[PDB]
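K.L.:
The structure under discussion is supplied below as structure tokens; questions concerning it will follow.
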Amino acid sequence: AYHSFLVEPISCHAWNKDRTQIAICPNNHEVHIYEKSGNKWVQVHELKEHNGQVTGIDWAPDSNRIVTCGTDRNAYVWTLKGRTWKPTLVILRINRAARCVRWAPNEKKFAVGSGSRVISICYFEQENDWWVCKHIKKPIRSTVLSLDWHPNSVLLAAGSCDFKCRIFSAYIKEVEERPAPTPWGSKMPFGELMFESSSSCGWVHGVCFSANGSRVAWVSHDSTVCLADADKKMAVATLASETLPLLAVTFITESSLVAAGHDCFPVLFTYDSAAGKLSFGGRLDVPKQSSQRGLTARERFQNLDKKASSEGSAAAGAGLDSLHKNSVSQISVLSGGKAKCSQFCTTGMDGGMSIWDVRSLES
Amino acid sequence: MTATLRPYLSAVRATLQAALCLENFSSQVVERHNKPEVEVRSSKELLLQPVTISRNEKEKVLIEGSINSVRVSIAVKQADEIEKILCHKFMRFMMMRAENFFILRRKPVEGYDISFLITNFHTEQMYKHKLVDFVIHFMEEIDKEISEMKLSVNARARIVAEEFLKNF
Amino acid sequence: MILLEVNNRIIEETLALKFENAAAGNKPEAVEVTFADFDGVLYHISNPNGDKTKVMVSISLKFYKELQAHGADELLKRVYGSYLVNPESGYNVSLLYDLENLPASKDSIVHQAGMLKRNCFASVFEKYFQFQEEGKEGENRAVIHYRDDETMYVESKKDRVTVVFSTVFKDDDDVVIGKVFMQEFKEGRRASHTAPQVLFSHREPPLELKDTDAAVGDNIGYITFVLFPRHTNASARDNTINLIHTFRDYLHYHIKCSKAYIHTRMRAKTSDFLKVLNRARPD
Amino acid sequence: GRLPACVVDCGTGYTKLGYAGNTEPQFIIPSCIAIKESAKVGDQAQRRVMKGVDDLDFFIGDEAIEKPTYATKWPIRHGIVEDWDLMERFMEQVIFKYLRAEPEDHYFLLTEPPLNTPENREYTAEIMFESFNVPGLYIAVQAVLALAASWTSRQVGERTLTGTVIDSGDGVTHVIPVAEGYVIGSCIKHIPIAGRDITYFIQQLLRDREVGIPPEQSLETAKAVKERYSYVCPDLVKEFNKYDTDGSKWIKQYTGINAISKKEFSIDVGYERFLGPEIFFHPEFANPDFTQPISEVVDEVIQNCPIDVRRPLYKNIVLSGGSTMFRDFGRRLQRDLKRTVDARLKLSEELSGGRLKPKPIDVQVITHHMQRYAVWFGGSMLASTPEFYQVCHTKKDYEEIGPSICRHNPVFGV
Amino acid sequence: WXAXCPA
Amino acid sequence: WXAXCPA
Amino acid sequence: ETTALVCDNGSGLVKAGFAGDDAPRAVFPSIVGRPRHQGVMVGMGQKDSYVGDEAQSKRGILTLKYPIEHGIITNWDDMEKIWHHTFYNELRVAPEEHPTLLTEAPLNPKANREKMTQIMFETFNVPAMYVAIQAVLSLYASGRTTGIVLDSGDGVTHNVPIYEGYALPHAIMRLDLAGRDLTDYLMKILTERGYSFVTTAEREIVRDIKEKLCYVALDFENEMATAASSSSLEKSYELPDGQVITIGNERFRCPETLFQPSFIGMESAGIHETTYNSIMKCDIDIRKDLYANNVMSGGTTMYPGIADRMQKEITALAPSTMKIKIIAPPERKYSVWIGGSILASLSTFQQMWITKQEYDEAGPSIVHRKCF
Amino acid sequence: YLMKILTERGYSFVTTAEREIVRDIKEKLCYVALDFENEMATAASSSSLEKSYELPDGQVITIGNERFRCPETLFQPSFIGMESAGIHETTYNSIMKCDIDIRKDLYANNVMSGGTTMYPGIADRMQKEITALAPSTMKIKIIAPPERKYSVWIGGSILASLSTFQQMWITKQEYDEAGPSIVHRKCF
Ligand SMILES: Nc1ncnc2c1ncn2[C@@H]1O[C@H](COP(=O)(O)OP(=O)(O)O)[C@@H](O)[C@H]1O
Ligand SMILES: Nc1ncnc2c1ncn2[C@@H]1O[C@H](COP(=O)(O)OP(=O)(O)O)[C@@H](O)[C@H]1O
Ligand SMILES: [Mg+2]
Ligand SMILES: [Mg+2]
């Protein structure tokens, strides 16, 4: 189900509620929106007032708002007014950069994984017609690359590059209420460290939560996968293999798990019930790819001038779909939530996009 | 090269493939930038420990690591003074036209022979395995090039001598 | 140029420019120029005094003392006639042209003056060859070290003549290249029929130089050319003298030419390397 | 009895040559270089790779023009050089055949245009130190050499360091002021039009306005410019109608000689007698990018430097360079500069009233010999100065630091 | 050879 | 042509 | 440093391989060809010089020249190029890793040996090497200590009488006649038949023809008479272009030049006469042993029936009171290489090598005293 | 080759009649060049070397460098593409293959014959080339009789006139009894 939207890479992707609209960063000072047309994709809009590079996008299932969180230490909350899109300036008080962003299930606040050693949380205010920003800086010691949220919206996990993957506890009493009892802790006030990684296991590039809110998993640059099971006495499970570093995290159900990265194709994992150990699953996407070429009498002589005439586009990665699918940027979900996920999509640094399935394989 | 160079090439190729992974990291220390981290040496947070793949005292290679770039430095197997001179001159002539390469540096690391450079800006606009293949191929072909240069200079000396002696 | 020339073209050019307008009345064209050539010798052209009707040429030979001791009376009348006068600059041979007297020849005189350095250098080698030819008792061997720190020695016995060369290289870069260059000099003989034997020695100086205080050391090679009358008679004498005198600069120039050749070859190979690299960029 | 150093002034046009401590550049030859190239087709992966000794089988200089089986290929093009292997070949050929100087026991001074990039200077210095092993080297802009040579015009004993020089060139003519030995770095402008494109325009017009010449012997026909055949013109249209009215006495004739069949061919001389040299003050004719005169450029560059130096600078403008040999050039430049400066002074006085009268600014152009070559004498005096032997970069400096010692430029600094 | 026969 | 054939 | 490489610079072919293997790993002819035409196409700047099987394949547009002529090198650049090719492209083994063994014909000029040693020690900086004789290696391969060697190579034919534990340097005879002269004579006679061949490509073609359709004749006159009845001896060969050439008497005429050098005009004697003279010059007692053992090697002695003719001629010349035996192993082509490999494998020979230190301190003259 | 180059000049000749015409042209207006490069340079100054020939139809053809280009093919067979050597090289190789003592006599006597060696200056060029190749210690002489065209016929007539040769002939009786193979053994 491969498709191409641009030769150059793409930074981040965002989708709407009906999976009919797409957001693609062209690796330039703008962002584009693509819409479905029968069985085809075509450009619809063109949003641009940012003079820097965009590196984070997200979508609101109900509010239909889009946030551009990137360089220039700024962030604009896009909203739809009739048949056109307009910006909404926000203030974040950042000095270095901002990469990743994420909204909340209830659409009341959004967080930015800023590169200034700080994590910012903001909420809507009608008084000054602005977006106020708070800061979390106590335990943070380096950049944060991945953020994920919990149903109640009070627990936040902010992966960083300091061997740690920590949950936080943010509660703005202005637009938040007391959450129900949770196994983790006490839902303490904003700006505090709840718990830290058990030990040093590589950096962090992604995080994933569960509907029951009792299991957290993340990946690392050290070719490792972790699963913090809080239902038990903070049982921690680990797994490793010879695969290249992963750069994404997501799971299907309470036991499944999915990930992708420089391996160029999806890799599937699973978690046991009581054994406290994971396992491995190989190329759940498909068996393998194929390769082809042509004579190209013009090319046979065109390539000899610069490259060798006998040379060609064939590569060892053609057989296992490792030729053009250069790396994987992140992952998303298609249907429902993180319970069944009948379909899953992934982003590619090649500048394209692709879709997959979880039941079409039919074991 | 099965019994002489094959294992060395395999090991260095595997190391490069593992360390060829790169990603874009917004500048953490200097306002807003995406400049290479290895050259700056600002934060030890991103840097990875150096590695070396070598089998003799006078020949060596170095493999660096970072989010933005990976740097590799080689040391050739030069024995005689003519070999050193020819290697230096050939590398200098390679430097003088390094702009078209888009991969190579502009001056070798101190105390070492030529070194290369990679970045996230050179990984998508260019293929991945082709670059490592080219680095390998250069490593093998250096000896051929130096031997060919040596025989060429010897032939030149022979021809000039023959041309002069005829007059007598 | 392959065989380095012996005629300095600077004097040829300046004398041609002067003489082409000579028949134009009272035209002094005061000239005062200083030059330099191989062997670390300085030339000088300058009028003797305010009288610009006479032009003088002089030399600053390093080993001039040996020439004066030997005596070059042959050179004072054979090649140079009455237009040679006692030294002025530094006790070194200096000539002048008398413009008031009609100069009949134009090219012959200029050519004769062009080879001044070799013309004076031959005074010793040709005389040694005459000594061995005439049957006179073999004249005592002599050593002639010119401006270069190296040395030259010659032995003139009966039935043959000998010459040995001492080589010194200054920069460490060119030492090995010159060693390689001279290694194949002693062997290349498949394209020469009537040519002398050639040999190379650096570790063991020849037994001839043990007594003589010639160039002795460690990083010094030796080259000897055996001489026989078949290539040292009155016909093939000038050619041999020119070849031996122009030996040093010949080696130097061809070393630089080889350097340029290898530079060109590596520059050519860079293109092949770039072509191989270009396989990484997409279509 | 110390050996003199060597003086060389390389460039796009006729390369000057000779030794230091002398009053006349002995050798003045073009940059033409021969080569045994022919028609291969594989010319971008083996440019030449001449087998055996054929690599050096090439002549040089005036003798290289009359070799009709090789290729005359100029290596230089208005300072910048594409391939420098030909330059190295020319340098070795000259030093050995013509100069006959051993590099290991001599000092070489070289001259380059001010716009030369640092890379070219660095790499040529590296080439010299590697191959020639010259003990010392020094590179400097040619303006100061021209200023030093200008002292011979009158009153040599009267030291006069201030002034400005607008030098010519085969492909470049530059403007550089001097303020008591110290020049201004930012007040330098590079002019692309020079004494070559002028001849291109001359031949282009001639190939249509006249017939009776062979394609080969074109430049020799186009070199009427170097003859008495070009006068400058205070007015353009006036002389145009003068020619179009009489067109009998003002027209000259050419009597060149063919170099192949030895058959005489003649052509008349028309409007090109002045248009070429007039292009200097109207560069828009040839180069569309640079639609900017010269005299106004001179005043602008002289008006972008401190107040205390503006006054003496206008008083000393040196006429040095081949392209400046045109008659009445100085009169036109002086008159234009005087007009513009007087107008500026009057405008400045108009806004602020006063019965005073400032002493008029004096602008004078000096005509003298040495115009064809003003860089050689400067290099000779450069070599003769003992301090040159101390400022020259040494071998050990290049040994480990690299060839960056020659990267110093007058318009750079951090 | 050098004398006698070619080689 | 000039000799042989027309052209 | 586990094994050594043995290279045989044959006058017409090069054999190389590792020390220990029973068969060579590289067998290509000594050809150094260069383009003869101008070249027009732009998409190829390829290899101004050509060497090896590549030269054989594209020989139609190249001026093939053999670097080695009759056992003595004429062009050193070509030999260095072939050495580099064999070391790198084919063997893919660096010179420093292992030492090299070289072989040469007897009675060769000392200049060739000194130049070869100097080039090997300077250019490739081999850790150590040695110089030997093909005949002694033939003895080692044959597993015998006494006999007479008939090393009839492509460029030189020579004999070296030997006895138990010692040799006889004063009874060595070298004959310039070899395969190249036979090929030239074959071309000359093929001209008399009606087929013309001049250039080097047709030289290779005629070489193959001789390799495939030549044999020796027990009796010359009887074979000529049977040729007069030419209805059972003529054979046909298929040329690359498809033309068919019929060869009759030429099959058994060219080989007879070995026994009758007068055909080419050389004032010498045949191999039988030279071997008889060499054996006679030896001591009387060792003559019996030399007769009882006669080893032959080289690519010029594979013609069927050569052994029988040699035996008949020697018995006719020698007294008819003893027994003369000819030994003709079916692998004489690579006997020299096998002997070199076995000699290198010998434990006692691990110290006889010549290393860089002693060579540099002493000089090139050391090899001269190393086993003559 | 002369036809091919005459094509490059602008004159075309294909059929056999023009072959005879070009043969006559070569017979009348061709000569050898002592130095190829010097002659080419002087041709660059083409004002004293070009010559005109009158065709049967009256057309005039001007021939320049072609006069001294085609004969050079003898010394440079590479022009036609033949991988061989020139006449000088072949003669040097033939003389070298001979015994050392007879080399002096062969050098001292060099007879040439045939219709292809009448080009003026050929003898001088051959002498210069042989002396350059041969050692410069002896004397090399070239003999060029002015009647070499019919030298073979004169020699045949003289041989027939010889009394001793009156018996070496081959008659019908011996030929019939022996067969055609007799001539093969008759003086090779
Ligand atoms: N007397 C002259 N009249 C007109 N043009 C001249 C005259 N002398 C030189 N030129 C022109 O000036 C140019 C040479 O100036 P020059 O500066 O010496 O060249 P370069 O820049 O290499 O030093 C020549 O191209 C020539 O056309
Ligand atoms: N099958 C064969 N039969 C007869 N002669 C052969 C055969 N193969 C090669 N030859 C001849 O032997 C020569 C090559 O054998 P070789 O022993 O390698 O020569 P060398 O002595 O230089 O090693 C060739 O020149 C060829 O003429
Ligand atoms: Mg200039
Ligand atoms: Mg052999």
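Ordering of the structure tokens sets the chain letters (A, B, ...), residue numbers begin anew at 1 in every chain, and ligands are numbered from 1 in the order given.
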Using only C-alpha atoms and all ligand atoms, which protein or nucleic acid residues are at most 6 Å from ligand 4, as a PDB file with C-alpha atoms, in the first residue's frame?

P.N.:
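Printed below is result-v7.pdb as written:
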```pdb
ATOM      1  CA  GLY G  10      57.935 -18.442 -18.224  1.00  0.00           C
ATOM      2  CA  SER G  11      59.093 -17.130 -21.580  1.00  0.00           C
ATOM      3  CA  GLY G 153      60.503 -24.068 -22.600  1.00  0.00           C
TER       4      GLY G 153
END
```

K.L.:
Please check which protein, DNA or RNA residues sit within 6 Å of ligand 2, counting only C-alpha atoms and all ligand atoms, and write them as a PyMOL selection string.

P.N.:
chain G and resi 10-13+153-155+179+207+211+298-300+302-303+333

K.L.:
Kindly provide, as a list in words, all nucleotide and amino acid residues lying within 7 Å of ligand 1, counting only C-alpha atoms and all ligand atoms.

P.N.:
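Using only C-alpha atoms and all ligand atoms, everything at most 7 Å from ligand 1 comes to residues 10, 11, 12, 13, 14, 15, 168, 169, 170, 171, 172, 195, 196, 225, 226, 227, 321, 322, 323, 325, 326, 372 and 373 of chain D.
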
K.L.:
Based on the selection just made, write C-alpha atoms of those residues as a PDB file, in the first residue's frame.

P.N.:
```pdb
ATOM      1  CA  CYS D  10      52.228  36.695 -14.206  1.00  0.00           C
ATOM      2  CA  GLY D  11      48.837  37.569 -15.626  1.00  0.00           C
ATOM      3  CA  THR D  12      46.325  36.982 -18.376  1.00  0.00           C
ATOM      4  CA  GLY D  13      48.193  39.005 -21.003  1.00  0.00           C
ATOM      5  CA  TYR D  14      51.834  39.388 -21.944  1.00  0.00           C
ATOM      6  CA  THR D  15      53.709  37.972 -18.962  1.00  0.00           C
ATOM      7  CA  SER D 168      44.921  48.051 -16.905  1.00  0.00           C
ATOM      8  CA  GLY D 169      45.090  44.380 -17.860  1.00  0.00           C
ATOM      9  CA  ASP D 170      44.276  41.851 -20.561  1.00  0.00           C
ATOM     10  CA  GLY D 171      41.068  40.958 -18.724  1.00  0.00           C
ATOM     11  CA  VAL D 172      40.906  43.189 -15.643  1.00  0.00           C
ATOM     12  CA  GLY D 195      41.665  45.608 -23.045  1.00  0.00           C
ATOM     13  CA  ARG D 196      40.607  42.251 -24.529  1.00  0.00           C
ATOM     14  CA  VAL D 225      44.051  49.467 -31.662  1.00  0.00           C
ATOM     15  CA  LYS D 226      47.641  49.040 -30.474  1.00  0.00           C
ATOM     16  CA  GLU D 227      48.671  51.331 -33.348  1.00  0.00           C
ATOM     17  CA  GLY D 321      48.973  50.197 -17.814  1.00  0.00           C
ATOM     18  CA  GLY D 322      48.724  49.137 -21.433  1.00  0.00           C
ATOM     19  CA  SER D 323      45.029  49.909 -21.905  1.00  0.00           C
ATOM     20  CA  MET D 325      48.069  54.231 -23.493  1.00  0.00           C
ATOM     21  CA  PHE D 326      45.142  55.722 -25.434  1.00  0.00           C
ATOM     22  CA  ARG D 372      53.278  49.641 -20.446  1.00  0.00           C
ATOM     23  CA  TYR D 373      54.931  48.025 -17.407  1.00  0.00           C
TER      24      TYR D 373
END
```

K.L.:
If we count only C-alpha atoms, which residues of chain C reach to within 10 Å of chain A? Please list them as a list in words.

P.N.:
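Here is what falls inside 10 Å: residues 271, 272, 273, 274, 275, 276, 277, 278, 279, 280, 281, 282 and 283 of chain C.
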
K.L.:
Just N, CA, C and O atoms for this one: save the residues we selected as a CSV table (one decimal), in the first residue's frame.

P.N.:
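That gives us out.csv:
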```
chain,number,residue,atom,x,y,z
C,271,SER,N,39.1,11.8,-11.5
C,271,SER,CA,37.9,11.8,-12.2
C,271,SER,C,37.3,10.4,-12.2
C,271,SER,O,36.0,10.3,-12.0
C,272,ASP,N,38.1,9.3,-12.3
C,272,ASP,CA,37.5,8.0,-12.2
C,272,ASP,C,36.9,7.7,-10.8
C,272,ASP,O,35.9,7.1,-10.6
C,273,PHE,N,37.6,8.2,-9.7
C,273,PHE,CA,37.1,8.1,-8.4
C,273,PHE,C,35.8,8.8,-8.2
C,273,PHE,O,34.8,8.2,-7.6
C,274,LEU,N,35.6,10.0,-8.8
C,274,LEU,CA,34.4,10.7,-8.7
C,274,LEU,C,33.3,10.0,-9.5
C,274,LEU,O,32.1,10.0,-9.1
C,275,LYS,N,33.6,9.4,-10.6
C,275,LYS,CA,32.7,8.6,-11.4
C,275,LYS,C,32.2,7.4,-10.6
C,275,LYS,O,31.0,7.1,-10.6
C,276,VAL,N,33.1,6.8,-9.9
C,276,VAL,CA,32.7,5.7,-9.0
C,276,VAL,C,31.7,6.2,-7.9
C,276,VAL,O,30.8,5.5,-7.5
C,277,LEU,N,32.1,7.3,-7.3
C,277,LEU,CA,31.3,7.9,-6.2
C,277,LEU,C,29.9,8.2,-6.7
C,277,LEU,O,28.9,7.9,-6.0
C,278,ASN,N,29.7,8.7,-7.9
C,278,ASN,CA,28.5,9.2,-8.4
C,278,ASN,C,27.4,8.2,-8.4
C,278,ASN,O,26.2,8.5,-8.7
C,279,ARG,N,27.7,6.9,-8.2
C,279,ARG,CA,26.7,5.8,-8.1
C,279,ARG,C,25.7,6.0,-7.0
C,279,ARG,O,24.7,5.3,-7.0
C,280,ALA,N,26.0,6.9,-6.0
C,280,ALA,CA,25.2,7.0,-4.8
C,280,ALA,C,24.1,8.0,-5.0
C,280,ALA,O,23.0,7.8,-4.3
C,281,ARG,N,24.2,9.0,-5.9
C,281,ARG,CA,23.1,9.9,-6.1
C,281,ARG,C,22.0,9.3,-6.9
C,281,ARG,O,22.2,8.4,-7.7
C,282,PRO,N,20.7,9.7,-6.6
C,282,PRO,CA,19.6,9.0,-7.3
C,282,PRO,C,19.5,9.6,-8.7
C,282,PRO,O,20.1,10.5,-9.1
C,283,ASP,N,18.6,8.9,-9.5
C,283,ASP,CA,18.3,9.3,-10.9
C,283,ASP,C,17.5,10.6,-10.9
C,283,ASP,O,16.9,10.9,-10.0
```

K.L.:
With only C-alpha atoms considered, list every residue of chain C at most 6 Å from chain B, as a ChimeraX atom specification.

P.N.:
/C:181,184-185,188,192,195,266,277,280-281

K.L.:
From the list C:141, C:189, C:179, C:267, which residue is nearest residue 157 (chain C) when using only C-alpha atoms?

P.N.:
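Looking at the shortest contact to residue 157 (chain C), the residue is C:141.
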
K.L.:
Give me, as an NGL selection string, the contact residues of chain D against chain G at a cut-off of 6 Å, counting only C-alpha atoms.

P.N.:
:D and (41-42 or 45)

K.L.:
So which one's closest to ligand 3, D:23, D:324, D:160, D:308? Using only C-alpha atoms and all ligand atoms, please.

P.N.:
D:324

K.L.:
DSSP on the backbone, then: every residue of chain B marked strand (DSSP E), written as a ChimeraX atom specification.

P.N.:
/B:51-52,60-63,69-75,115-119

K.L.:
Using only C-alpha atoms, pick whichever of G:184, G:269, G:361, G:22 has the shortest atom-to-atom distance to chain C.

P.N.:
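The closest residue to chain C is G:361.
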
K.L.:
Find the spatial neighbours of region 3-7 of chain E, counting only C-alpha atoms, within a cut-off of 9 Å - ignore same-chain residues fewer than 4 positions away - and output them as a list in words.

P.N.:
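Counting only C-alpha atoms, the residues come to residues 68, 69, 70, 71, 72, 73, 74 and 176 of chain G; 96, 97, 99 and 100 of chain H.
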
K.L.:
In Å, with one decimal, what is the gap from CA of residue 300 (chain A) to CA of residue 314 (chain A)?

P.N.:
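About the pair CA of residue 300 (chain A) and CA of residue 314 (chain A): they are 13.8 Å apart.
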